[PDB]
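Shown next: protein17.txt, containing compact mmCIF, C-alpha atoms (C1' of nucleotides) and all ligand atoms.
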# COMPACT_ATOMS: atom_id res chain seq x y z
CA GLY A 1 -29.16 -64.39 29.11
CA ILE A 2 -27.20 -64.63 32.39
CA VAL A 3 -26.36 -61.54 34.49
CA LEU A 4 -23.66 -61.17 37.15
CA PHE A 5 -24.45 -58.02 39.21
CA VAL A 6 -22.03 -56.93 41.92
CA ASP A 7 -22.67 -54.48 44.74
CA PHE A 8 -20.27 -53.04 47.37
CA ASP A 9 -21.58 -53.51 50.91
CA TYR A 10 -22.34 -50.24 52.81
CA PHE A 11 -19.43 -49.16 50.66
CA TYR A 12 -18.36 -45.70 51.79
CA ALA A 13 -18.67 -46.56 55.48
CA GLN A 14 -17.03 -49.92 54.70
CA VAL A 15 -13.89 -48.34 53.18
CA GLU A 16 -13.42 -46.21 56.34
CA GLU A 17 -13.55 -49.52 58.23
CA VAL A 18 -10.76 -51.13 56.20
CA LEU A 19 -8.69 -47.93 56.21
CA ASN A 20 -8.83 -47.52 60.00
CA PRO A 21 -9.36 -51.10 61.08
CA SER A 22 -9.86 -49.79 64.67
CA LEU A 23 -13.17 -48.35 63.44
CA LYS A 24 -15.00 -51.65 62.94
CA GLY A 25 -17.85 -53.82 64.26
CA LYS A 26 -19.31 -50.51 65.33
CA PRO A 27 -21.53 -47.63 64.23
CA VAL A 28 -19.82 -45.83 61.32
CA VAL A 29 -21.46 -42.89 59.62
CA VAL A 30 -20.04 -41.41 56.44
CA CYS A 31 -21.19 -37.81 56.25
CA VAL A 32 -21.46 -34.81 53.92
CA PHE A 33 -21.19 -31.84 56.21
CA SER A 34 -22.82 -28.81 54.45
CA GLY A 35 -20.90 -26.20 56.50
CA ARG A 36 -23.52 -24.24 58.49
CA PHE A 37 -24.47 -24.18 62.20
CA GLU A 38 -22.25 -26.50 64.34
CA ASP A 39 -22.48 -29.49 61.97
CA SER A 40 -25.35 -29.90 59.49
CA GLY A 41 -25.62 -31.95 56.30
CA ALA A 42 -26.82 -35.47 55.61
CA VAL A 43 -25.68 -39.10 55.80
CA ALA A 44 -24.26 -40.70 52.66
CA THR A 45 -23.61 -44.10 54.22
CA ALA A 46 -23.60 -46.07 57.42
CA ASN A 47 -22.49 -49.68 58.09
CA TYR A 48 -25.12 -52.19 59.23
CA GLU A 49 -24.62 -51.68 62.95
CA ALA A 50 -25.29 -48.02 62.28
CA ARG A 51 -28.39 -48.49 60.09
CA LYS A 52 -29.94 -51.07 62.49
CA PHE A 53 -30.97 -48.17 64.69
CA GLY A 54 -32.24 -46.10 61.74
CA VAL A 55 -29.17 -44.15 60.70
CA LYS A 56 -29.44 -44.34 56.93
CA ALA A 57 -28.46 -42.26 53.90
CA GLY A 58 -30.00 -38.82 53.37
CA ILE A 59 -31.19 -38.04 56.90
CA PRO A 60 -30.21 -34.83 58.73
CA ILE A 61 -27.06 -35.49 60.78
CA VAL A 62 -28.69 -34.27 64.03
CA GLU A 63 -30.98 -37.33 64.01
CA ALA A 64 -28.04 -39.58 63.31
CA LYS A 65 -26.55 -37.69 66.26
CA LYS A 66 -29.78 -38.09 68.30
CA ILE A 67 -30.14 -41.81 67.70
CA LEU A 68 -26.47 -42.67 67.62
CA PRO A 69 -24.37 -40.05 69.39
CA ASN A 70 -22.48 -43.24 70.33
CA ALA A 71 -21.59 -43.60 66.66
CA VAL A 72 -18.46 -42.68 64.77
CA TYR A 73 -18.91 -39.82 62.32
CA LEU A 74 -16.46 -39.52 59.44
CA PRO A 75 -16.41 -37.03 56.55
CA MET A 76 -16.82 -38.03 52.96
CA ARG A 77 -13.66 -38.30 50.93
CA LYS A 78 -15.57 -39.35 47.79
CA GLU A 79 -12.29 -39.10 45.88
CA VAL A 80 -10.88 -41.88 48.04
CA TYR A 81 -13.63 -44.39 47.62
CA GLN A 82 -13.53 -43.63 43.92
CA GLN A 83 -9.88 -44.71 43.93
CA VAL A 84 -10.65 -48.00 45.69
CA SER A 85 -13.79 -48.44 43.63
CA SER A 86 -12.13 -48.19 40.20
CA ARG A 87 -9.66 -50.85 41.22
CA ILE A 88 -12.60 -53.27 41.75
CA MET A 89 -14.12 -52.70 38.27
CA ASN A 90 -10.81 -54.10 36.88
CA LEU A 91 -11.35 -57.38 38.66
CA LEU A 92 -14.96 -57.43 37.58
CA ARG A 93 -13.65 -56.91 34.07
CA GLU A 94 -11.12 -59.74 33.89
CA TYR A 95 -13.92 -62.29 34.16
CA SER A 96 -16.22 -60.78 31.48
CA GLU A 97 -15.70 -57.90 29.02
CA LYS A 98 -19.21 -56.38 28.91
CA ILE A 99 -18.94 -54.56 32.23
CA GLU A 100 -21.84 -52.10 32.67
CA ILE A 101 -20.69 -49.92 35.60
CA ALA A 102 -23.32 -47.88 37.42
CA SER A 103 -22.78 -46.19 40.79
CA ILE A 104 -19.39 -46.12 42.47
CA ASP A 105 -20.50 -49.18 44.45
CA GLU A 106 -22.06 -51.28 41.64
CA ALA A 107 -21.65 -53.05 38.31
CA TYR A 108 -23.10 -55.72 36.02
CA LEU A 109 -21.48 -58.49 33.94
CA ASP A 110 -23.18 -60.27 31.04
CA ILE A 111 -21.18 -63.47 31.54
CA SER A 112 -23.28 -65.53 29.12
CA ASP A 113 -20.00 -66.74 27.50
CA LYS A 114 -17.83 -68.08 30.32
CA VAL A 115 -20.63 -70.04 31.82
CA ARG A 116 -22.59 -72.91 30.40
CA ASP A 117 -25.19 -72.73 33.19
CA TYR A 118 -26.09 -71.19 36.60
CA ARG A 119 -24.19 -73.77 38.67
CA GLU A 120 -21.06 -72.37 37.07
CA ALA A 121 -22.08 -68.75 37.67
CA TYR A 122 -22.27 -69.38 41.47
CA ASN A 123 -18.74 -70.79 41.29
CA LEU A 124 -17.62 -67.64 39.46
CA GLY A 125 -19.62 -65.43 41.79
CA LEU A 126 -17.61 -66.90 44.59
CA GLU A 127 -14.45 -66.30 42.61
CA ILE A 128 -15.11 -62.59 42.13
CA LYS A 129 -16.26 -62.26 45.74
CA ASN A 130 -13.04 -64.05 46.75
CA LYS A 131 -10.78 -61.86 44.62
CA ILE A 132 -12.28 -58.52 45.76
CA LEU A 133 -11.92 -59.56 49.43
CA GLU A 134 -8.39 -60.87 48.98
CA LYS A 135 -6.96 -57.82 47.23
CA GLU A 136 -8.97 -54.94 48.82
CA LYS A 137 -10.56 -56.66 51.89
CA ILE A 138 -14.05 -55.51 50.85
CA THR A 139 -17.03 -57.86 51.23
CA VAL A 140 -19.52 -57.47 48.37
CA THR A 141 -22.87 -59.10 47.53
CA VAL A 142 -23.25 -60.67 44.08
CA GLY A 143 -26.67 -61.38 42.60
CA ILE A 144 -27.59 -63.49 39.61
CA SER A 145 -30.60 -64.07 37.30
CA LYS A 146 -31.72 -63.38 33.72
CA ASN A 147 -31.60 -59.57 33.78
CA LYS A 148 -30.03 -56.52 35.42
CA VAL A 149 -33.15 -56.24 37.53
CA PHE A 150 -33.49 -59.80 38.79
CA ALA A 151 -29.71 -59.78 39.11
CA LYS A 152 -30.01 -56.74 41.42
CA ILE A 153 -32.97 -57.99 43.44
CA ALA A 154 -31.18 -61.29 44.17
CA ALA A 155 -28.45 -59.11 45.70
CA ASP A 156 -31.03 -57.02 47.51
CA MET A 157 -32.05 -60.34 49.06
CA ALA A 158 -28.95 -61.68 50.92
CA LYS A 159 -27.54 -58.07 50.94
CA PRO A 160 -24.65 -57.98 53.42
CA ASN A 161 -21.78 -60.25 52.38
CA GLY A 162 -23.89 -62.70 50.34
CA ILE A 163 -24.60 -64.62 47.12
CA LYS A 164 -27.89 -65.84 45.55
CA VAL A 165 -29.06 -67.28 42.19
CA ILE A 166 -32.56 -66.53 40.93
CA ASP A 167 -33.17 -69.15 38.17
CA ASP A 168 -36.31 -68.98 35.99
CA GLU A 169 -38.69 -70.56 38.54
CA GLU A 170 -37.96 -67.90 41.24
CA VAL A 171 -38.11 -65.26 38.51
CA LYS A 172 -41.83 -65.98 38.24
CA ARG A 173 -42.72 -66.24 41.95
CA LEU A 174 -41.11 -62.89 42.68
CA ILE A 175 -43.33 -60.99 40.22
CA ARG A 176 -46.40 -62.14 42.12
CA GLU A 177 -45.09 -61.50 45.64
CA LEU A 178 -42.38 -58.88 45.00
CA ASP A 179 -43.45 -55.42 46.14
CA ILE A 180 -43.05 -52.34 43.93
CA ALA A 181 -40.97 -50.87 46.78
CA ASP A 182 -38.42 -53.70 46.38
CA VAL A 183 -38.16 -53.07 42.57
CA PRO A 184 -34.91 -51.40 41.65
CA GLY A 185 -35.09 -47.97 40.06
CA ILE A 186 -38.34 -47.37 41.96
CA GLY A 187 -37.58 -45.13 44.91
CA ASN A 188 -40.12 -44.86 47.67
CA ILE A 189 -42.13 -41.83 46.41
CA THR A 190 -43.21 -43.76 43.29
CA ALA A 191 -44.05 -46.71 45.55
CA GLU A 192 -46.07 -44.64 48.05
CA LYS A 193 -47.84 -42.98 45.11
CA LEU A 194 -48.60 -46.49 43.91
CA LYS A 195 -49.07 -47.76 47.50
CA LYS A 196 -51.87 -45.24 48.13
CA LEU A 197 -53.93 -46.24 45.11
CA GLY A 198 -54.47 -49.82 46.34
CA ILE A 199 -51.31 -50.79 44.44
CA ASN A 200 -48.60 -52.93 46.08
CA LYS A 201 -47.01 -55.89 44.27
CA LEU A 202 -45.49 -55.54 40.79
CA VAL A 203 -47.98 -57.83 39.01
CA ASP A 204 -50.93 -55.58 40.09
CA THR A 205 -49.73 -53.17 37.39
CA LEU A 206 -51.17 -55.61 34.87
CA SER A 207 -54.66 -55.03 36.30
CA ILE A 208 -54.54 -51.30 35.59
CA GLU A 209 -54.89 -49.12 32.45
CA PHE A 210 -51.81 -47.60 30.77
CA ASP A 211 -52.89 -44.00 30.40
CA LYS A 212 -53.91 -44.20 34.04
CA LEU A 213 -50.23 -44.80 34.82
CA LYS A 214 -48.27 -42.29 32.71
CA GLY A 215 -50.96 -40.11 34.27
CA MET A 216 -49.31 -40.51 37.69
CA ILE A 217 -45.87 -42.19 37.59
CA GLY A 218 -44.95 -41.56 33.94
CA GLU A 219 -43.96 -43.62 30.92
CA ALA A 220 -40.44 -44.95 31.49
CA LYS A 221 -41.61 -46.40 34.86
CA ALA A 222 -45.09 -47.22 33.60
CA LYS A 223 -43.69 -49.46 30.86
CA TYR A 224 -40.67 -50.48 32.91
CA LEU A 225 -42.96 -51.91 35.55
CA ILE A 226 -45.41 -53.47 33.08
CA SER A 227 -42.51 -55.11 31.19
CA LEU A 228 -41.18 -57.03 34.24
CA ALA A 229 -44.70 -57.93 35.31
CA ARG A 230 -45.02 -59.34 31.79
CA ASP A 231 -41.39 -60.49 32.19
CA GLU A 232 -40.36 -59.04 28.78
CA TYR A 233 -37.52 -57.05 30.41
CA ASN A 234 -34.14 -58.57 29.48
CA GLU A 235 -32.51 -55.44 27.95
CA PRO A 236 -28.82 -54.90 27.31
CA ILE A 237 -25.71 -54.70 29.50
CA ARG A 238 -24.03 -51.63 28.01
CA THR A 239 -21.65 -49.18 29.65
CA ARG A 240 -22.81 -45.91 31.22
CA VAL A 241 -21.56 -42.40 30.50
CA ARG A 242 -21.81 -38.99 32.16
CA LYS A 243 -23.60 -35.96 30.72
CA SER A 244 -23.73 -33.58 33.70
CA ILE A 245 -20.90 -32.79 36.09
CA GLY A 246 -21.74 -30.28 38.85
CA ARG A 247 -21.35 -29.04 42.42
CA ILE A 248 -23.91 -26.90 44.28
CA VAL A 249 -22.20 -25.69 47.47
CA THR A 250 -23.88 -24.21 50.55
CA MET A 251 -23.24 -20.49 51.17
CA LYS A 252 -22.72 -18.82 54.59
CA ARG A 253 -26.27 -17.42 54.52
CA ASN A 254 -28.83 -15.74 52.11
CA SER A 255 -27.51 -13.00 49.75
CA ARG A 256 -29.01 -10.66 47.07
CA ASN A 257 -25.53 -9.44 46.13
CA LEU A 258 -23.38 -10.12 43.05
CA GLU A 259 -20.12 -9.87 44.95
CA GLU A 260 -21.24 -12.05 47.91
CA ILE A 261 -22.08 -15.06 45.78
CA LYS A 262 -19.15 -14.83 43.31
CA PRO A 263 -16.42 -16.76 45.23
CA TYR A 264 -18.87 -19.55 46.07
CA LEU A 265 -19.84 -19.61 42.41
CA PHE A 266 -16.17 -19.55 41.37
CA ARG A 267 -15.33 -22.25 43.99
CA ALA A 268 -17.90 -24.47 42.29
CA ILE A 269 -16.49 -23.89 38.78
CA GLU A 270 -13.11 -24.74 40.31
CA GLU A 271 -14.02 -28.13 41.76
CA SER A 272 -16.32 -28.78 38.80
CA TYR A 273 -13.15 -28.64 36.73
CA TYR A 274 -11.45 -31.12 39.07
CA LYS A 275 -14.18 -33.63 38.12
CA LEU A 276 -14.06 -33.25 34.29
CA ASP A 277 -10.45 -34.16 33.74
CA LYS A 278 -9.25 -34.05 30.09
CA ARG A 279 -12.89 -33.84 28.90
CA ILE A 280 -14.48 -30.59 27.71
CA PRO A 281 -18.17 -29.60 27.88
CA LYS A 282 -20.28 -27.61 25.46
CA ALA A 283 -22.91 -26.34 27.90
CA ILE A 284 -23.10 -24.65 31.30
CA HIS A 285 -25.91 -24.13 33.86
CA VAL A 286 -25.73 -21.99 37.00
CA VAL A 287 -28.00 -23.41 39.69
CA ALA A 288 -29.51 -21.55 42.61
CA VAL A 289 -31.52 -22.84 45.56
CA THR A 290 -33.19 -19.90 47.22
CA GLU A 291 -34.41 -18.67 50.60
CA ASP A 292 -36.99 -21.48 50.56
CA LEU A 293 -36.44 -24.41 48.16
CA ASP A 294 -37.15 -23.01 44.73
CA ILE A 295 -34.60 -23.90 42.05
CA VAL A 296 -33.62 -21.22 39.54
CA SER A 297 -31.50 -22.55 36.61
CA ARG A 298 -30.39 -20.40 33.67
CA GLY A 299 -27.92 -21.80 31.15
CA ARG A 300 -26.17 -21.46 27.82
CA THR A 301 -25.17 -23.85 25.00
CA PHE A 302 -22.17 -23.33 22.68
CA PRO A 303 -21.06 -24.81 19.34
CA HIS A 304 -17.61 -25.30 20.95
CA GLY A 305 -16.32 -26.52 24.35
CA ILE A 306 -16.00 -24.12 27.29
CA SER A 307 -12.74 -22.99 28.93
CA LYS A 308 -12.53 -22.33 32.72
CA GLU A 309 -12.04 -18.54 32.39
CA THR A 310 -14.91 -18.45 29.85
CA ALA A 311 -16.67 -20.62 32.39
CA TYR A 312 -16.31 -17.94 35.15
CA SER A 313 -17.59 -14.77 33.38
CA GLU A 314 -20.30 -16.66 31.54
CA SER A 315 -21.36 -18.02 34.93
CA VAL A 316 -21.79 -14.45 36.24
CA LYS A 317 -23.86 -13.20 33.31
CA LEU A 318 -25.97 -16.34 33.81
CA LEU A 319 -26.10 -15.35 37.55
CA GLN A 320 -26.82 -11.69 36.92
CA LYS A 321 -29.87 -12.99 34.96
CA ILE A 322 -31.10 -14.79 38.11
CA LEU A 323 -31.42 -11.42 39.93
CA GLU A 324 -33.82 -9.45 37.56
CA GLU A 325 -36.29 -12.36 37.58
CA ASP A 326 -35.77 -13.80 41.03
CA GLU A 327 -36.10 -11.25 43.84
CA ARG A 328 -35.77 -13.73 46.75
CA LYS A 329 -32.50 -14.05 48.68
CA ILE A 330 -30.44 -17.08 47.49
CA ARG A 331 -29.23 -19.81 49.86
CA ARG A 332 -27.35 -22.33 47.70
CA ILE A 333 -25.37 -22.08 44.46
CA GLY A 334 -23.50 -24.01 41.75
CA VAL A 335 -22.84 -24.89 38.14
CA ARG A 336 -23.35 -27.77 35.71
CA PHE A 337 -21.62 -29.11 32.53
CA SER A 338 -23.82 -30.82 29.95
CA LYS A 339 -23.07 -31.89 26.41
CA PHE A 340 -19.56 -33.34 25.95
CA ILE A 341 -17.35 -33.95 22.92
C1' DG B 1 -38.56 -35.69 15.83
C1' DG B 2 -34.92 -32.94 16.46
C1' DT B 3 -32.70 -28.90 20.05
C1' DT B 4 -32.00 -25.38 23.51
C1' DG B 5 -35.41 -22.91 27.15
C1' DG B 6 -36.19 -23.63 32.48
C1' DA B 7 -38.92 -25.81 36.61
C1' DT B 8 -39.65 -29.27 39.41
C1' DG B 9 -39.39 -34.14 41.25
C1' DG B 10 -37.41 -38.91 41.98
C1' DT B 11 -33.58 -42.11 42.56
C1' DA B 12 -29.58 -42.73 44.72
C1' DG B 13 -24.48 -42.88 47.83
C1' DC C 1 -27.03 -32.66 51.84
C1' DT C 2 -24.31 -33.64 47.17
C1' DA C 3 -24.83 -35.57 42.53
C1' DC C 4 -27.14 -36.70 38.22
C1' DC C 5 -30.83 -38.06 35.63
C1' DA C 6 -35.21 -37.97 34.22
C1' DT C 7 -39.28 -35.43 33.41
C1' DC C 8 -42.67 -32.03 31.52
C1' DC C 9 -44.65 -27.14 29.24
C1' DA C 10 -42.61 -23.96 25.57
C1' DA C 11 -40.49 -22.24 21.64
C1' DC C 12 -39.23 -23.60 17.15
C1' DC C 13 -36.12 -25.76 12.87
CA CA A 401 -25.52 -49.74 45.36
Written as structure tokens, how would this file's structure read?
Amino acid sequence: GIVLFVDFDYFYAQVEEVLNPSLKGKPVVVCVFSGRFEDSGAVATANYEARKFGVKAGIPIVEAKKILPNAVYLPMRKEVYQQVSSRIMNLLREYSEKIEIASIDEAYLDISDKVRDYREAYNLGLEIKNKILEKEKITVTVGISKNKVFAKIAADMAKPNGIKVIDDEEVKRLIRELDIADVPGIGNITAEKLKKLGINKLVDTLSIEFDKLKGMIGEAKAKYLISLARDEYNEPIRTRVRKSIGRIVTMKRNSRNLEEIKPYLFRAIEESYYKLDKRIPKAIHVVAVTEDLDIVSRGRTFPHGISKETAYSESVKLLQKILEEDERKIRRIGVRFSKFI
DNA sequence: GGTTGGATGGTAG
DNA sequence: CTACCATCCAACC
């Protein structure tokens, strides 16, 4: 069981570097701009010179602007990076045909066939790294071990433009002195929830009862963490697929008014049908983030696929229903497409 | 255990 | 923020 996990360095902000190579060795800040008062939104990426002063993904742009007004701020042509991204997954493919893609900047090979050992994986890892740079000029950080986790952590280690191999030995020393924060899948909140309760490293979850675990952080992650602490996590490298496809866009203000919301709600359906391409969903869900931050889904499931027109007037009915149940003015809206054929 | 309800939170790029 | 998944009461074949 050998894994070859690849990961595209500060990807979005990195592609803007290669595109405009007069944008480099400098603070770059890829941004999703919301629309409201004189900028507003949140960071989706920043290169390392940016995020060495704190300007990291998901923080209000005004901070990014109040730590690095120096910086370069660029919008977020997610389409574009997608283009460039897909092209990489082809290269990752050539060298092993069990390519589990995850996020736009990430993917895993189960190369256990075109390697006899780990020495040879490093050599390959350099190959891939050398082919992705050559053809698209994008540095990426490979990571290698027994499993998609250890593979990922090893990348988390020498993260920017790097390559590491966690054999079995280092597999075991991590578990003891690897923090639950640094354990992929586990975002902070789970960690801080665990952090609070005396609970830091991953192995500590073996000195703790199970029902006092799914009674805080839940099963999937309860077991998931206990399995790697036991080490019995070496589960498969299988491709990923999309259930939902949505777009909740920010309105001009807060509106209890069928007509006010409509074009925003129709603009969503619109773009939602950009990203959907050839495919055809059975179910639809009209999302609403209110005045405050409540979230007010109502939805509908068919025994057929939906068609865009159908998708508009059904959306409204599903919106009408938000207004004789909610009474609070609504300040964000969108749609969602579950259940594909 | 399936399956369609909706409300929240957690994990990302 | 935008996007997507998981996650947990609630009905009910
Ligand atoms: Ca990544």
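Every protein or nucleic acid residue with an atom no more than 12 Å from residue 13 of chain C, counting only C-alpha atoms (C1' of nucleotides) and leaving out same-chain residues fewer than 3 positions away, appears here: residues 1, 2, 3 and 4 of chain B.
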Counting only C-alpha atoms (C1' of nucleotides), chain A residues within 7 Å of chain B, as a VMD selection string: chain A and resid 44 to 45 185 187 297 to 298
May I ask you to write as a short mmCIF file (atom, residue, chain, number, x, y, z; two decimals) with C-alpha atoms, keeping the file's coordinate frame all residues lying at most 7 Å from ligand CA 401 (chain A), with all atoms listed in the file counted?
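Output below, filename result-v7.cif:
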data_model
loop_
_atom_site.label_atom_id
_atom_site.label_comp_id
_atom_site.auth_asym_id
_atom_site.auth_seq_id
_atom_site.Cartn_x
_atom_site.Cartn_y
_atom_site.Cartn_z
CA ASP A 7 -22.67 -54.48 44.74
CA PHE A 8 -20.27 -53.04 47.37
CA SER A 103 -22.78 -46.19 40.79
CA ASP A 105 -20.50 -49.18 44.45
CA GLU A 106 -22.06 -51.28 41.64
#
Separation of atom CA of residue 235 of chain A from atom CA of residue 194 of chain A in Å: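 Rounded to one decimal, the two atoms are 24.4 Å apart.
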Return as CSV the residues of chain C lying at most 12 Å from chain A, together with the closest atom-to-atom pair for each and the distance in Å to one decimal, counting only C-alpha atoms (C1' of nucleotides), with rows in chain order and ascending residue number.
residue,atom,partner,partner_atom,distance
C:1,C1',A:42,CA,4.7
C:2,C1',A:247,CA,7.2
C:3,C1',A:246,CA,7.1
C:4,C1',A:244,CA,6.5
C:5,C1',A:244,CA,8.6
C:6,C1',A:220,CA,9.1
C:7,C1',A:218,CA,8.4
C:8,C1',A:218,CA,10.1
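Of note, atom CA of residue 221 of chain A and atom CA of residue 108 of chain A are spaced 20.8 Å apart.
Note that atom CA of residue 47 of chain A and atom CA of residue 14 of chain A are 6.4 Å apart.
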10 Å contact set for residue 96 of chain A, only C-alpha atoms (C1' of nucleotides), chain neighbours under 6 positions out, as an MDAnalysis selection string: chainID A and resid 4 108:114
Nearest residue to residue 101 of chain A from the set A:214, A:321, A:148, A:336 (distances using only C-alpha atoms):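 Closest candidate: A:148.
For the point (-54.7, -44.1, 44.6), the residues with an atom at a distance of at most 12 Å are residues 190, 191, 192, 193, 194, 195, 196, 197, 198, 199, 200, 208, 212, 213, 215, 216 and 217 of chain A, counting all atoms listed in the file.
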For residue 255 of chain A, please output as a PDB file with C-alpha atoms, in the coordinates of the input all residues within 7 Å (counting all atoms listed in the file; exclusion window: fewer than 3 positions along the same chain).
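Contents of the output file around-v7.pdb:
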ATOM      1  CA  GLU A 260     -21.240 -12.050  47.910  1.00  0.00           C
ATOM      2  CA  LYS A 329     -32.500 -14.050  48.680  1.00  0.00           C
ATOM      3  CA  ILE A 330     -30.440 -17.080  47.490  1.00  0.00           C
TER       4      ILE A 330
END
Exercise: residue 331 of chain A partners within 7 Å, all atoms listed in the file, chain neighbours under 4 positions left out, as a ChimeraX atom specification: /A:250-251,253-254,289-291
